[PDB]
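**Student:** no sequence on this one, just coordinates:
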């Protein structure tokens, strides 16, 4: 179930937010138009080792 | 502003690389430079770690202890050796309150020197991790190891300079640690032990550190280091061998200022425990504040060590004051020392009397 949850999020993340009737218009408009973290991760890995 | 003061101090060849790189004159007052740096260059520290240059684990633990205490970490800053590893570890820790690194590397060694913010990318080159870099040159490119004298003078002045914080009789510890078997390191050790500076060395893997650790006359020294330093013995002439014997005899004269840590022990946090024991031995040797039991208790308590502390003073049995740690226990509660207030309660104090209304309100 948790896994399945992700999918829906991803789907609704792909379409962002848009009401259905404005969603159709937005789809038509789109069709017309169409480092430090790594260092911290390394330090955490050293701590884990 | 600062450039004018720097130029006037020498009475130039100074530039900021970007922490702060400065060139100093040998015939200068270390006290004045230290005072100026404290006033403007950086803040003040209670503790200053002195570096004289499994092992990586010990060095990392020492770095963590220094960062937690906020102590300054003096080092040579040489690119080749443990200095680069220490700089990398310091950078990694700072990536994750503030750690400050000091490099003592004479300008003569550097082969790429330029006179606002000069940029260098890459002999005797050095690591750029260290925030502050002081280079003491004799005025010629003769590659002399004369910066050690200025380093020792600055350390002696800093020890003389009283610091109210961190107790220790209003003094600074100036902990000294060496792991490399160099003749210059031996001379620095002799000079430091001549002073009140305490030096602690772990057995680890050192050309001379192992010899001194095992040690703790000419024939005795000849037997020692025979296998530890074969190349050094072969290269060193007779005069050098006699000088080695003299330096080591002078160093071994004082056992209070010399601390030996065995590499076989697998105890946790031993890096700080050894330093604490050495500092306590030096403080006991001082004999000025040793009369005041509370004073030594403050320094002992501020550090991790508690087991030896209990025997040293908490054992006592001569005459314990009824008030006992009237403020020491209060500081322990404020300091939040775990498994240490337990001893205050074991010896015992009036909990109601100890926790006065004013004291409770202040807490």
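**Tutor:** Perfect, thanks for sending it. Residues are numbered from 1 along each chain as shown, chains lettered A, B, ... in the order given.
**Student:** quick one: residue B:296 and residue B:341, what's the gap?
**Tutor:** Residue B:296 sits 18 Å away from residue B:341, going by CB to CB, to the nearest Å. The way it works is simple: take the backbone N, C-alpha and C, and place the C-beta from them, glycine included.
**Student:** Who has more neighbours out of the two?
**Tutor:** residue B:296 (22 against 16; other CB atoms under 10 Å in any protein chain shown).
**Student:** Check which element follows the helix or strand hosting that one along the chain.
**Tutor:** Assigned by DSSP states H and E, residue B:296 belongs to helix B:293-302. Following helix B:293-302 in sequence order, the next helix or strand is helix B:307-309 (DSSP H and E).
**Student:** Remind me what that following helix packs against, helices and strands.
**Tutor:** For helix B:307-309, the elements it packs on are helix B:293-302, judged by 3 or more CB pairs under 8 Å, 6 or more residues apart in numbering or on different chains; DSSP states H and E.
**Student:** helix, strand or coil for the residue of chain A found nearest chain B?
**Tutor:** Among the residues of chain A, residue A:39 lies closest to chain B, at 4.9 Å counting by CB to the nearest CB. Judged by DSSP: H, G, I helix; E, B strand; the rest coil, the three-state class of residue A:39 is helix.
**Student:** right, and it touches residue B:92 too?
**Tutor:** Yes. In this structure, residue A:39 is within contact of residue B:92 by CB atoms under 8 Å, at 6.9 Å.
**Student:** so which helix or strand takes in the residue nearest to the spatial centre of chain A?
**Tutor:** Nearest to the geometric centre of chain A sits residue A:13, at 4.8 Å (CA atoms, centre = their mean). Element membership for residue A:13 (DSSP H and E) is helix A:2-14.
**Student:** Can you name the residues in contact with that helix?
**Tutor:** Here helix A:2-14 makes contact (CB atoms under 8 Å, 6 or more residues apart in numbering or on different chains) with no residue beyond itself.
**Student:** going on from it, what's the next piece of helix or strand?
**Tutor:** For helix A:2-14, the following helix or strand on the C-terminal side (DSSP H and E) is helix A:20-33.
**Student:** buried ones in that next one?
**Tutor:** For helix A:20-33, the neighbour count (16 or more other CB atoms under 10 Å in any protein chain shown) marks no residue as buried.
**Student:** so how far is that helix from its chain's centroid?
**Tutor:** Chain-centre distance of helix A:20-33: 20 Å, with CA atoms, centre = their mean, to the nearest Å.
**Student:** near chain A, which residues of chain B?
**Tutor:** Contact residues, chain B versus chain A (CB under 8 Å from any CB of the partner chain): B:92-93, B:95-96.
**Student:** Residue B:285 and chain A: what is the separation?
**Tutor:** Distance of residue B:285 to chain A, given as CB to the nearest CB, to the nearest Å: 38 Å.
**Student:** Now the buried members of the residues of chain B next to chain A.
**Tutor:** Taking 16+ other CB under 10 Å as the criterion, what is buried in those is residue B:92.
**Student:** Which residues belonging to stretch B:96-111 are considered buried?
**Tutor:** By 16+ other CB under 10 Å, the buried positions in stretch B:96-111 come out as B:99-110.
**Student:** any idea which of those is closest to chain A?
**Tutor:** Of all the buried residues of stretch B:96-111, chain A sits closest to residue B:99, with 13.8 Å by CB to the nearest CB.
**Student:** ok, and the closest non-adjacent residue to the closest one?
**Tutor:** Distance criterion CB to CB, 6 or more residues apart in numbering or on different chains; nearest residue to residue B:99, sequence neighbours excluded, is residue B:67 at 4.9 Å.
**Student:** Same question for residue B:104.
**Tutor:** residue B:151 (5.0 Å).
**Student:** Just checking, which helix or strand succeeds the helix or strand hosting that neighbour along the chain?
**Tutor:** According to DSSP H and E, residue B:151 maps onto helix B:147-160. Counting by DSSP H and E, the next helix or strand C-terminal to helix B:147-160 is strand B:175-178.
**Student:** Now render the buried residues of stretch B:96-111 as TSV, adding secondary structure.
**Tutor:** Shown next, in TSV, are the buried residues of stretch B:96-111 (three-state DSSP):
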residue	secondary structure
B:99	coil
B:100	coil
B:101	strand
B:102	strand
B:103	strand
B:104	strand
B:105	coil
B:106	coil
B:107	coil
B:108	coil
B:109	coil
B:110	coil
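**Student:** Now the two most distant members of these.
**Tutor:** Comparing all pairs in these by CB to CB, the longest separation belongs to B:99 and B:108, at 28.1 Å.
**Student:** Can you name the residues that contact residue 39?
**Tutor:** Going with chain A. By CB under 8 Å, 6+ apart, the contact list for residue A:39 reads B:92, B:95.
**Student:** nearest residue to the residue in the stretch 51-200 of chain B that chain A sits nearest to other than its sequence neighbours?
**Tutor:** Closest residue of the stretch 51-200 of chain B to chain A, CB to the nearest CB: residue B:95 (4.9 Å). Spatial nearest neighbour of residue B:95, excluding adjacent residues (CB to CB, 6+ apart): residue A:39 at 4.9 Å.
**Student:** Please report how far the one you found lies from residue B:77.
**Tutor:** In this view, residue A:39 and residue B:77 are 22 Å apart by CB to CB.
**Student:** Likewise for residue B:84?
**Tutor:** Using CB to CB, residue B:84 is found at 9 Å from residue B:77.
**Student:** Common neighbours of those two, please.
**Tutor:** Common contacts of residue B:84 and residue B:77, defined by CB under 8 Å, 6+ apart, comprise residue B:127.
**Student:** neighbour-wise, which of those two wins?
**Tutor:** The neighbour comparison of residue B:84 against residue B:77 (other CB under 10 Å) goes to residue B:77, with 26 against 15.
**Student:** Now do the SS call for the closest residue to residue B:123 other than its chain neighbours.
**Tutor:** Of all residues not flanking residue B:123 in the chain, residue B:111 sits nearest, at 4.7 Å (CB to CB, 6+ apart). For residue B:111, the secondary structure call by three-state DSSP comes out as coil.
**Student:** Enumerate every residue touching residue B:111.
**Tutor:** Contact analysis of residue B:111 by CB under 8 Å, 6+ apart lists B:123-125.
**Student:** filter those residues to the buried ones?
**Tutor:** Among these, none scores as buried (criterion: 16+ other CB under 10 Å).
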